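Visitor: One file is attached below, data-v4.cif, containing mmCIF, N, CA and C atoms.
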```cif
data_final
#
loop_
_atom_site.label_atom_id
_atom_site.label_comp_id
_atom_site.auth_asym_id
_atom_site.auth_seq_id
_atom_site.Cartn_x
_atom_site.Cartn_y
_atom_site.Cartn_z
N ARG N 1 47.63 -14.40 -12.97
CA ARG N 1 47.85 -14.03 -14.35
C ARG N 1 46.41 -13.91 -14.87
N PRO N 2 46.02 -12.73 -15.37
CA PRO N 2 44.69 -12.52 -15.91
C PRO N 2 44.44 -13.15 -17.25
N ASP N 3 43.21 -13.67 -17.43
CA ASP N 3 42.60 -14.24 -18.66
C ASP N 3 43.14 -13.73 -20.02
N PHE N 4 43.34 -12.43 -20.23
CA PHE N 4 43.81 -11.94 -21.55
C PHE N 4 45.26 -12.27 -21.82
N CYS N 5 45.99 -12.65 -20.76
CA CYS N 5 47.36 -13.12 -20.89
C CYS N 5 47.39 -14.42 -21.69
N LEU N 6 46.26 -15.14 -21.76
CA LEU N 6 46.21 -16.36 -22.54
C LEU N 6 45.76 -16.15 -23.96
N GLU N 7 45.42 -14.94 -24.39
CA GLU N 7 44.85 -14.85 -25.73
C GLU N 7 45.96 -14.49 -26.71
N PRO N 8 46.04 -15.00 -27.95
CA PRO N 8 47.23 -14.82 -28.80
C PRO N 8 47.44 -13.32 -29.09
N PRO N 9 48.66 -12.89 -29.43
CA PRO N 9 48.94 -11.48 -29.67
C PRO N 9 48.24 -11.04 -30.94
N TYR N 10 47.58 -9.91 -30.95
CA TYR N 10 46.84 -9.49 -32.11
C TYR N 10 47.64 -8.42 -32.81
N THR N 11 48.05 -8.67 -34.04
CA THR N 11 48.72 -7.63 -34.82
C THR N 11 47.73 -6.46 -35.07
N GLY N 12 46.52 -6.78 -35.46
CA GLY N 12 45.61 -5.74 -35.86
C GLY N 12 45.75 -5.50 -37.33
N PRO N 13 44.94 -4.63 -37.90
CA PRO N 13 44.85 -4.45 -39.34
C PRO N 13 45.73 -3.35 -39.90
N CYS N 14 46.34 -2.53 -39.07
CA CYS N 14 47.20 -1.49 -39.55
C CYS N 14 48.52 -2.19 -39.89
N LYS N 15 49.38 -1.51 -40.64
CA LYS N 15 50.52 -2.08 -41.29
C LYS N 15 51.85 -1.51 -40.82
N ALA N 16 51.97 -1.06 -39.59
CA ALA N 16 53.26 -0.64 -39.08
C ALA N 16 53.99 -1.91 -38.65
N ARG N 17 55.30 -1.76 -38.40
CA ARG N 17 56.07 -2.89 -37.91
C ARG N 17 56.64 -2.46 -36.58
N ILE N 18 55.78 -2.51 -35.56
CA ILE N 18 56.34 -2.17 -34.27
C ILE N 18 56.35 -3.39 -33.31
N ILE N 19 57.48 -3.58 -32.65
CA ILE N 19 57.80 -4.80 -31.89
C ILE N 19 57.26 -4.58 -30.49
N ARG N 20 56.45 -5.48 -29.95
CA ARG N 20 55.91 -5.29 -28.62
C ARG N 20 56.09 -6.65 -28.01
N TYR N 21 55.76 -6.72 -26.75
CA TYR N 21 55.76 -8.00 -26.08
C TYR N 21 54.37 -8.55 -25.79
N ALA N 22 54.24 -9.88 -25.86
CA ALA N 22 53.02 -10.46 -25.41
C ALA N 22 53.33 -11.74 -24.65
N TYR N 23 52.55 -12.13 -23.62
CA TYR N 23 52.77 -13.34 -22.86
C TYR N 23 52.48 -14.54 -23.75
N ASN N 24 53.37 -15.53 -23.62
CA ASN N 24 53.25 -16.75 -24.39
C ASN N 24 52.98 -17.83 -23.36
N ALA N 25 51.74 -18.22 -23.25
CA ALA N 25 51.28 -19.21 -22.30
C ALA N 25 52.01 -20.55 -22.44
N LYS N 26 52.52 -20.95 -23.64
CA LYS N 26 53.21 -22.25 -23.70
C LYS N 26 54.62 -22.25 -23.11
N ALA N 27 55.31 -21.12 -23.22
CA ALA N 27 56.64 -20.96 -22.63
C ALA N 27 56.58 -20.49 -21.17
N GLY N 28 55.50 -19.75 -20.89
CA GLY N 28 55.32 -19.14 -19.61
C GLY N 28 56.13 -17.87 -19.49
N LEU N 29 56.45 -17.25 -20.62
CA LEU N 29 57.34 -16.10 -20.58
C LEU N 29 56.77 -15.19 -21.64
N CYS N 30 57.13 -13.93 -21.67
CA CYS N 30 56.72 -13.02 -22.71
C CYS N 30 57.67 -13.01 -23.91
N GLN N 31 57.17 -12.98 -25.15
CA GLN N 31 58.03 -13.00 -26.33
C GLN N 31 57.58 -11.85 -27.22
N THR N 32 58.39 -11.44 -28.18
CA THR N 32 58.06 -10.27 -28.96
C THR N 32 57.10 -10.69 -30.07
N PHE N 33 56.46 -9.69 -30.63
CA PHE N 33 55.61 -9.92 -31.76
C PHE N 33 55.55 -8.53 -32.41
N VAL N 34 54.97 -8.51 -33.61
CA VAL N 34 54.85 -7.29 -34.42
C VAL N 34 53.40 -6.81 -34.35
N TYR N 35 53.24 -5.66 -33.73
CA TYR N 35 51.99 -4.92 -33.65
C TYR N 35 51.88 -4.03 -34.88
N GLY N 36 50.71 -4.02 -35.54
CA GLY N 36 50.52 -3.27 -36.78
C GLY N 36 50.30 -1.82 -36.47
N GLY N 37 50.13 -1.41 -35.24
CA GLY N 37 50.07 0.01 -35.03
C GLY N 37 48.68 0.45 -34.68
N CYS N 38 47.60 -0.32 -34.88
CA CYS N 38 46.34 0.14 -34.33
C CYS N 38 45.59 -1.07 -33.79
N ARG N 39 44.66 -0.70 -32.91
CA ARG N 39 43.76 -1.53 -32.10
C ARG N 39 44.39 -2.73 -31.42
N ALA N 40 45.23 -2.21 -30.51
CA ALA N 40 45.97 -2.97 -29.52
C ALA N 40 44.99 -3.75 -28.64
N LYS N 41 45.20 -5.05 -28.49
CA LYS N 41 44.46 -5.79 -27.49
C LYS N 41 45.28 -5.69 -26.19
N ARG N 42 44.90 -6.31 -25.09
CA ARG N 42 45.57 -6.16 -23.80
C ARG N 42 46.94 -6.84 -23.63
N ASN N 43 47.10 -7.96 -24.31
CA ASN N 43 48.31 -8.72 -24.22
C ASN N 43 49.25 -8.07 -25.23
N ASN N 44 49.72 -6.88 -24.96
CA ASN N 44 50.48 -6.09 -25.84
C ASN N 44 51.20 -5.18 -24.87
N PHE N 45 52.55 -5.33 -24.68
CA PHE N 45 53.34 -4.58 -23.67
C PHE N 45 54.58 -4.02 -24.30
N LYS N 46 55.06 -2.96 -23.75
CA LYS N 46 56.21 -2.31 -24.30
C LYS N 46 57.53 -2.60 -23.62
N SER N 47 57.62 -3.59 -22.73
CA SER N 47 58.88 -4.11 -22.20
C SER N 47 58.63 -5.53 -21.71
N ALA N 48 59.65 -6.40 -21.53
CA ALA N 48 59.43 -7.80 -21.11
C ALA N 48 58.95 -7.87 -19.69
N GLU N 49 59.48 -7.03 -18.80
CA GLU N 49 59.03 -7.01 -17.44
C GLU N 49 57.64 -6.41 -17.24
N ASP N 50 57.11 -5.40 -17.95
CA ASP N 50 55.73 -4.94 -17.74
C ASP N 50 54.88 -6.14 -18.04
N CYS N 51 55.24 -6.88 -19.11
CA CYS N 51 54.48 -8.05 -19.53
C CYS N 51 54.41 -9.10 -18.42
N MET N 52 55.61 -9.48 -17.91
CA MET N 52 55.68 -10.45 -16.82
C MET N 52 55.11 -9.96 -15.51
N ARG N 53 55.23 -8.71 -15.03
CA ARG N 53 54.54 -8.27 -13.81
C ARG N 53 53.04 -8.41 -13.92
N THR N 54 52.47 -8.38 -15.14
CA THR N 54 51.02 -8.48 -15.31
C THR N 54 50.60 -9.92 -15.49
N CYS N 55 51.23 -10.57 -16.45
CA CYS N 55 50.96 -11.93 -16.85
C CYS N 55 51.80 -13.01 -16.23
N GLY N 56 52.73 -12.69 -15.38
CA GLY N 56 53.51 -13.74 -14.75
C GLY N 56 52.84 -14.41 -13.54
N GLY N 57 53.49 -15.44 -13.03
CA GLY N 57 52.96 -16.21 -11.92
C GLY N 57 53.57 -15.79 -10.58
N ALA N 58 53.92 -16.84 -9.82
CA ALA N 58 54.54 -16.72 -8.50
C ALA N 58 55.95 -16.20 -8.61
#
```
Please render this file's structure as structure tokens.
Guide:
Amino acid sequence: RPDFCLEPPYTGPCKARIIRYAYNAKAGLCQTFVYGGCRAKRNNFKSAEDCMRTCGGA
């Protein structure tokens, strides 16, 4: 699981309400969050499994 999988989901400064997934290191699973629509960081995925294939474990 790469380093950016541990960094909190960044909404960003734009004001859209779009639902994306980000890995949640405390649960060990990906959970949704609201992306504002610009300047996506890496822990920002468009399905639960893309998130887990990148940020998941064994």
Visitor: Given the file above and the PyMOL selection byres ((chain N and resi 40-49) around 5), which residues are selected, and can you give them as a PyMOL selection string?
Guide: chain N and resi 20-22+38-39+50-53
Visitor: Enumerate, as a list in words, the residues matched when the PyMOL selection byres ((chain N and resi 35) around 5) is run on the file above.
Guide: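 Applying the PyMOL selection byres ((chain N and resi 35) around 5) to the structure shown produces residues 11, 16, 18, 19, 20, 33, 34, 36 and 37 of chain N.
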Visitor: DSSP on the backbone: what in chain N comes out helix (DSSP H, G or I), as a list in words?
Guide: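 The residues of chain N classed as helix (DSSP H, G or I) are residues 3, 4, 5, 6, 48, 49, 50, 51, 52, 53, 54 and 55 of chain N.
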Visitor: Quick one: which residues end up in the PyMOL selection byres (((chain N and resi 25 and name CA) around 12) and name CA) for this structure, as a list in words?
Guide: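 Residues picked by the PyMOL selection byres (((chain N and resi 25 and name CA) around 12) and name CA): residues 1, 2, 3, 4, 5, 6, 7, 8, 9, 22, 23, 24, 26, 27, 28, 29, 30, 31, 43, 51, 52, 55, 56 and 57 of chain N.
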Visitor: According to DSSP computed on the backbone, where in chain N is there strand (DSSP E)? Give the residues as a ChimeraX atom specification.
Guide: /N:18-24,29-35
Visitor: Now that the selection is made, can you save its residues with N, CA and C atoms as a PDB file, keeping the file's coordinate frame?
Guide:
```
ATOM      1  N   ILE N  18      55.780  -2.510 -35.560  1.00  0.00           N
ATOM      2  CA  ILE N  18      56.340  -2.170 -34.270  1.00  0.00           C
ATOM      3  C   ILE N  18      56.350  -3.390 -33.310  1.00  0.00           C
ATOM      4  N   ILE N  19      57.480  -3.580 -32.650  1.00  0.00           N
ATOM      5  CA  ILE N  19      57.800  -4.800 -31.890  1.00  0.00           C
ATOM      6  C   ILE N  19      57.260  -4.580 -30.490  1.00  0.00           C
ATOM      7  N   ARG N  20      56.450  -5.480 -29.950  1.00  0.00           N
ATOM      8  CA  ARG N  20      55.910  -5.290 -28.620  1.00  0.00           C
ATOM      9  C   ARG N  20      56.090  -6.650 -28.010  1.00  0.00           C
ATOM     10  N   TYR N  21      55.760  -6.720 -26.750  1.00  0.00           N
ATOM     11  CA  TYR N  21      55.760  -8.000 -26.080  1.00  0.00           C
ATOM     12  C   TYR N  21      54.370  -8.550 -25.790  1.00  0.00           C
ATOM     13  N   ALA N  22      54.240  -9.880 -25.860  1.00  0.00           N
ATOM     14  CA  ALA N  22      53.020 -10.460 -25.410  1.00  0.00           C
ATOM     15  C   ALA N  22      53.330 -11.740 -24.650  1.00  0.00           C
ATOM     16  N   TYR N  23      52.550 -12.130 -23.620  1.00  0.00           N
ATOM     17  CA  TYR N  23      52.770 -13.340 -22.860  1.00  0.00           C
ATOM     18  C   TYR N  23      52.480 -14.540 -23.750  1.00  0.00           C
ATOM     19  N   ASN N  24      53.370 -15.530 -23.620  1.00  0.00           N
ATOM     20  CA  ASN N  24      53.250 -16.750 -24.390  1.00  0.00           C
ATOM     21  C   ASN N  24      52.980 -17.830 -23.360  1.00  0.00           C
ATOM     22  N   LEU N  29      56.450 -17.250 -20.620  1.00  0.00           N
ATOM     23  CA  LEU N  29      57.340 -16.100 -20.580  1.00  0.00           C
ATOM     24  C   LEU N  29      56.770 -15.190 -21.640  1.00  0.00           C
ATOM     25  N   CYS N  30      57.130 -13.930 -21.670  1.00  0.00           N
ATOM     26  CA  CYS N  30      56.720 -13.020 -22.710  1.00  0.00           C
ATOM     27  C   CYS N  30      57.670 -13.010 -23.910  1.00  0.00           C
ATOM     28  N   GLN N  31      57.170 -12.980 -25.150  1.00  0.00           N
ATOM     29  CA  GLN N  31      58.030 -13.000 -26.330  1.00  0.00           C
ATOM     30  C   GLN N  31      57.580 -11.850 -27.220  1.00  0.00           C
ATOM     31  N   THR N  32      58.390 -11.440 -28.180  1.00  0.00           N
ATOM     32  CA  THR N  32      58.060 -10.270 -28.960  1.00  0.00           C
ATOM     33  C   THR N  32      57.100 -10.690 -30.070  1.00  0.00           C
ATOM     34  N   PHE N  33      56.460  -9.690 -30.630  1.00  0.00           N
ATOM     35  CA  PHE N  33      55.610  -9.920 -31.760  1.00  0.00           C
ATOM     36  C   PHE N  33      55.550  -8.530 -32.410  1.00  0.00           C
ATOM     37  N   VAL N  34      54.970  -8.510 -33.610  1.00  0.00           N
ATOM     38  CA  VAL N  34      54.850  -7.290 -34.420  1.00  0.00           C
ATOM     39  C   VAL N  34      53.400  -6.810 -34.350  1.00  0.00           C
ATOM     40  N   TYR N  35      53.240  -5.660 -33.730  1.00  0.00           N
ATOM     41  CA  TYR N  35      51.990  -4.920 -33.650  1.00  0.00           C
ATOM     42  C   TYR N  35      51.880  -4.030 -34.880  1.00  0.00           C
TER      43      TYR N  35
END
```
Visitor: At what distance in Å, to one decimal, does atom CA of residue N:58 lie from atom CA of residue N:32?
Guide: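 These atoms are spaced 21.7 Å apart.
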Visitor: Which distance in Å separates atom N of residue N:12 and atom N of residue N:54, to one decimal?
Guide: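 Atom N of residue N:54 lies at a distance of 21.2 Å from atom N of residue N:12.
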Visitor: Once N, CA, C and O atoms are restored for stretch 27-49 of chain N, what would the output be as a PDB file, in the coordinates of the input?
Guide:
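The resulting file, result.pdb, is shown below:
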```pdb
ATOM      1  N   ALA N  27      55.310 -21.120 -23.220  1.00  0.00           N
ATOM      2  CA  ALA N  27      56.640 -20.960 -22.630  1.00  0.00           C
ATOM      3  C   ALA N  27      56.580 -20.490 -21.170  1.00  0.00           C
ATOM      4  O   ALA N  27      57.452 -20.724 -20.319  1.00  0.00           O
ATOM      5  N   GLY N  28      55.500 -19.750 -20.890  1.00  0.00           N
ATOM      6  CA  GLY N  28      55.320 -19.140 -19.610  1.00  0.00           C
ATOM      7  C   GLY N  28      56.130 -17.870 -19.490  1.00  0.00           C
ATOM      8  O   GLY N  28      56.362 -17.383 -18.385  1.00  0.00           O
ATOM      9  N   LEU N  29      56.450 -17.250 -20.620  1.00  0.00           N
ATOM     10  CA  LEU N  29      57.340 -16.100 -20.580  1.00  0.00           C
ATOM     11  C   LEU N  29      56.770 -15.190 -21.640  1.00  0.00           C
ATOM     12  O   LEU N  29      56.025 -15.682 -22.483  1.00  0.00           O
ATOM     13  N   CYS N  30      57.130 -13.930 -21.670  1.00  0.00           N
ATOM     14  CA  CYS N  30      56.720 -13.020 -22.710  1.00  0.00           C
ATOM     15  C   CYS N  30      57.670 -13.010 -23.910  1.00  0.00           C
ATOM     16  O   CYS N  30      58.876 -12.945 -23.715  1.00  0.00           O
ATOM     17  N   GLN N  31      57.170 -12.980 -25.150  1.00  0.00           N
ATOM     18  CA  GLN N  31      58.030 -13.000 -26.330  1.00  0.00           C
ATOM     19  C   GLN N  31      57.580 -11.850 -27.220  1.00  0.00           C
ATOM     20  O   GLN N  31      56.499 -11.295 -27.002  1.00  0.00           O
ATOM     21  N   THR N  32      58.390 -11.440 -28.180  1.00  0.00           N
ATOM     22  CA  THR N  32      58.060 -10.270 -28.960  1.00  0.00           C
ATOM     23  C   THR N  32      57.100 -10.690 -30.070  1.00  0.00           C
ATOM     24  O   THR N  32      56.915 -11.880 -30.393  1.00  0.00           O
ATOM     25  N   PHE N  33      56.460  -9.690 -30.630  1.00  0.00           N
ATOM     26  CA  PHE N  33      55.610  -9.920 -31.760  1.00  0.00           C
ATOM     27  C   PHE N  33      55.550  -8.530 -32.410  1.00  0.00           C
ATOM     28  O   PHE N  33      56.016  -7.534 -31.826  1.00  0.00           O
ATOM     29  N   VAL N  34      54.970  -8.510 -33.610  1.00  0.00           N
ATOM     30  CA  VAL N  34      54.850  -7.290 -34.420  1.00  0.00           C
ATOM     31  C   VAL N  34      53.400  -6.810 -34.350  1.00  0.00           C
ATOM     32  O   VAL N  34      52.466  -7.518 -34.684  1.00  0.00           O
ATOM     33  N   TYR N  35      53.240  -5.660 -33.730  1.00  0.00           N
ATOM     34  CA  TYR N  35      51.990  -4.920 -33.650  1.00  0.00           C
ATOM     35  C   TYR N  35      51.880  -4.030 -34.880  1.00  0.00           C
ATOM     36  O   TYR N  35      52.760  -3.225 -35.169  1.00  0.00           O
ATOM     37  N   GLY N  36      50.710  -4.020 -35.540  1.00  0.00           N
ATOM     38  CA  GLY N  36      50.520  -3.270 -36.780  1.00  0.00           C
ATOM     39  C   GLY N  36      50.300  -1.820 -36.470  1.00  0.00           C
ATOM     40  O   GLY N  36      50.212  -0.986 -37.364  1.00  0.00           O
ATOM     41  N   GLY N  37      50.130  -1.410 -35.240  1.00  0.00           N
ATOM     42  CA  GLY N  37      50.070   0.010 -35.030  1.00  0.00           C
ATOM     43  C   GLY N  37      48.680   0.450 -34.680  1.00  0.00           C
ATOM     44  O   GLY N  37      48.573   1.548 -34.153  1.00  0.00           O
ATOM     45  N   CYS N  38      47.600  -0.320 -34.880  1.00  0.00           N
ATOM     46  CA  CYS N  38      46.340   0.140 -34.330  1.00  0.00           C
ATOM     47  C   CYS N  38      45.590  -1.070 -33.790  1.00  0.00           C
ATOM     48  O   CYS N  38      45.845  -2.232 -34.086  1.00  0.00           O
ATOM     49  N   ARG N  39      44.660  -0.700 -32.910  1.00  0.00           N
ATOM     50  CA  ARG N  39      43.760  -1.530 -32.100  1.00  0.00           C
ATOM     51  C   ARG N  39      44.390  -2.730 -31.420  1.00  0.00           C
ATOM     52  O   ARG N  39      44.089  -3.906 -31.568  1.00  0.00           O
ATOM     53  N   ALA N  40      45.230  -2.210 -30.510  1.00  0.00           N
ATOM     54  CA  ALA N  40      45.970  -2.970 -29.520  1.00  0.00           C
ATOM     55  C   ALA N  40      44.990  -3.750 -28.640  1.00  0.00           C
ATOM     56  O   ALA N  40      44.027  -3.166 -28.137  1.00  0.00           O
ATOM     57  N   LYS N  41      45.200  -5.050 -28.490  1.00  0.00           N
ATOM     58  CA  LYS N  41      44.460  -5.790 -27.490  1.00  0.00           C
ATOM     59  C   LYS N  41      45.280  -5.690 -26.190  1.00  0.00           C
ATOM     60  O   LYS N  41      46.321  -5.056 -26.141  1.00  0.00           O
ATOM     61  N   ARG N  42      44.900  -6.310 -25.090  1.00  0.00           N
ATOM     62  CA  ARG N  42      45.570  -6.160 -23.800  1.00  0.00           C
ATOM     63  C   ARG N  42      46.940  -6.840 -23.630  1.00  0.00           C
ATOM     64  O   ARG N  42      47.829  -6.447 -22.876  1.00  0.00           O
ATOM     65  N   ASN N  43      47.100  -7.960 -24.310  1.00  0.00           N
ATOM     66  CA  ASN N  43      48.310  -8.720 -24.220  1.00  0.00           C
ATOM     67  C   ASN N  43      49.250  -8.070 -25.230  1.00  0.00           C
ATOM     68  O   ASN N  43      49.526  -8.656 -26.260  1.00  0.00           O
ATOM     69  N   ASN N  44      49.720  -6.880 -24.960  1.00  0.00           N
ATOM     70  CA  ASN N  44      50.480  -6.090 -25.840  1.00  0.00           C
ATOM     71  C   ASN N  44      51.200  -5.180 -24.870  1.00  0.00           C
ATOM     72  O   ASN N  44      50.534  -4.401 -24.218  1.00  0.00           O
ATOM     73  N   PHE N  45      52.550  -5.330 -24.680  1.00  0.00           N
ATOM     74  CA  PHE N  45      53.340  -4.580 -23.670  1.00  0.00           C
ATOM     75  C   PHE N  45      54.580  -4.020 -24.300  1.00  0.00           C
ATOM     76  O   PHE N  45      55.159  -4.503 -25.260  1.00  0.00           O
ATOM     77  N   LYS N  46      55.060  -2.960 -23.750  1.00  0.00           N
ATOM     78  CA  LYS N  46      56.210  -2.310 -24.300  1.00  0.00           C
ATOM     79  C   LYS N  46      57.530  -2.600 -23.620  1.00  0.00           C
ATOM     80  O   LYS N  46      58.464  -1.871 -23.910  1.00  0.00           O
ATOM     81  N   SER N  47      57.620  -3.590 -22.730  1.00  0.00           N
ATOM     82  CA  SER N  47      58.880  -4.110 -22.200  1.00  0.00           C
ATOM     83  C   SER N  47      58.630  -5.530 -21.710  1.00  0.00           C
ATOM     84  O   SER N  47      57.457  -5.899 -21.529  1.00  0.00           O
ATOM     85  N   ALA N  48      59.650  -6.400 -21.530  1.00  0.00           N
ATOM     86  CA  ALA N  48      59.430  -7.800 -21.110  1.00  0.00           C
ATOM     87  C   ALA N  48      58.950  -7.870 -19.690  1.00  0.00           C
ATOM     88  O   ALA N  48      58.076  -8.651 -19.374  1.00  0.00           O
ATOM     89  N   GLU N  49      59.480  -7.030 -18.800  1.00  0.00           N
ATOM     90  CA  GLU N  49      59.030  -7.010 -17.440  1.00  0.00           C
ATOM     91  C   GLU N  49      57.640  -6.410 -17.240  1.00  0.00           C
ATOM     92  O   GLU N  49      57.002  -6.914 -16.314  1.00  0.00           O
TER      93      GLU N  49
END
```
